[PDB]
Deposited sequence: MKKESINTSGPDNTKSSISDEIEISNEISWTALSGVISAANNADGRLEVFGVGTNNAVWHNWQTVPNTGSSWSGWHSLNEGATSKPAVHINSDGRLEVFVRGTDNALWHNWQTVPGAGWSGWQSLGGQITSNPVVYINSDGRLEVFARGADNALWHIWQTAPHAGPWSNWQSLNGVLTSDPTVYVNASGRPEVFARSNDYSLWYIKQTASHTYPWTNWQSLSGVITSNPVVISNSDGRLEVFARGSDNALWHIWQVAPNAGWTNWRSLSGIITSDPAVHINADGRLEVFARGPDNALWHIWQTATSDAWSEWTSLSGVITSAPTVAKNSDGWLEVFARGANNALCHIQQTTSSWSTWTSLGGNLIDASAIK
């Protein structure tokens, strides 16, 4: 992006969260363009699922869900008016409010962050291709703020994570195909930094996560269709250069931190199987690319159950939601959670 703007692959087809009681719940767009959801029924290891239930209305983005600091799930999606809409549990685990508009005009999928004080905050690309944000004005409560611009020129969904100083950093691809980012500070006069380049040539949505020690790390597909990554050399310090983890990935990458405190990345491979690769140590050590097989037609979505094990979801050949999970001793078989999912991604 130019100076004027610096002053402040297949996507996944679901968003997942844990309920206050640990139960996983997934949100996706069905063939009728409505948001549907499906949850674990019991706050218990080895739970069955509910089956798909409709939240009605009309979705034009991938949905995003985040738990409030009072335990209530809240889901966000772009509506047919290209405004941001939301719907929340009125008590932890049940009783959806129904959809209400937060307005704006957004041109990416919305991503959700929770501030250290418990205020939800949503980041999305605007009609002017700048990053915009909107927030709860009180912990787990409306009203929401007006939309505010953070400038920039975005060509991807933004990706956000809390840094070692408890504040958000937001990363996005720009119109030079490089990764740029902004970081929130304590400063009154400059609460957000100006957009800063981390270079690279990126051909997927990027995804940021924290290592167990607070070092932020970003994953993205490169121009060679390999998985690339870049990380902080110490908590809240400067970044490495871009380093290749090789492979050929045919979706956005997904990442989580496993029970060993190691980052583990999932992506679709060129055989349409699910592949994963993980840190084997702190310093400069990853596993080989490893196949979990299956046949998938979306990026994977990774979540973590209340026993601390990773669960992975992806669209199957029949548009059902495929499912595979880490157990105490191995990876499970592939099972289907059914449904009929579309890719309503706003950034495609």
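Colleague: Counting from 1 along the deposited sequence, give me every gap where there's no C-alpha, start to finish.
Modeller: In the chain as deposited, only 9-31 carries no coordinates.
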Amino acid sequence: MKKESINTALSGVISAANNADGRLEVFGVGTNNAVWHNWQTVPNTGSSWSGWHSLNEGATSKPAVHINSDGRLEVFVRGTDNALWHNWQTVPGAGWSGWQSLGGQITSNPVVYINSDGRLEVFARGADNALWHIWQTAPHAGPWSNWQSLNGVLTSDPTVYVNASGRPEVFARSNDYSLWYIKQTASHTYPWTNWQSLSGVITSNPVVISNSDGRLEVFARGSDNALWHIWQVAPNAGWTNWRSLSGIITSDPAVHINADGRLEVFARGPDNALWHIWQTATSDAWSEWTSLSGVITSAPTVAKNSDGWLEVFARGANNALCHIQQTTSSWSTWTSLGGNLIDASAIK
From here on, numbers count along this sequence of modelled residues.
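Colleague: Test of understanding: from the entry's C-alpha B-factors, which stretch has the higher mean, 58-66 or 275-283?
Modeller: Per the deposited B-factors, the answer is 275-283.
Colleague: Mean CA B-factor: is it higher for 232-240 or for 127-135?
Modeller: The recorded data point to 232-240.
Colleague: Between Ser204, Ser197, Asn109, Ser187, which one tops the list for Cα B-factor in this entry?
Modeller: Each of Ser204, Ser197, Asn109, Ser187 was compared by C-alpha B-factor; the highest is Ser187.
Colleague: Which one of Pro158, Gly261, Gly79, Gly104 shows the top CA temperature factor in the record?
Modeller: Checking the PDB record, the top C-alpha B-factor among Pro158, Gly261, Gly79, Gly104 is at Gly261.
Colleague: Compared with the other modelled residues in the chain, in which third is the CA B-factor of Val312?
Modeller: Lowest third, going by the recorded CA B-factors of the chain.
Colleague: If you rank every modelled residue in this chain by C-alpha B factor, which third holds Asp224: lowest, middle or highest?
Modeller: Its C-alpha B-factor, which the entry lists for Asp224, ranks in the middle third among residues of this chain.
Colleague: Hey, what third does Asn19 fall into on Cα B-factor, ranked over its chain?
Modeller: Its C-alpha B-factor belongs to the lowest third of this chain's values.
Colleague: Consider only the C-alpha atoms of the modelled residues in this chain, order them by B-factor as the entry records it, and name the third containing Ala320: lowest, middle or highest.
Modeller: Ranked within chain, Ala320 CA B lands in the middle tercile.
Colleague: Can you tell me which third, lowest, middle or highest, the CA B-factor of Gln148 falls into for its chain?
Modeller: Ranked within chain, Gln148 CA B lands in the highest tercile.
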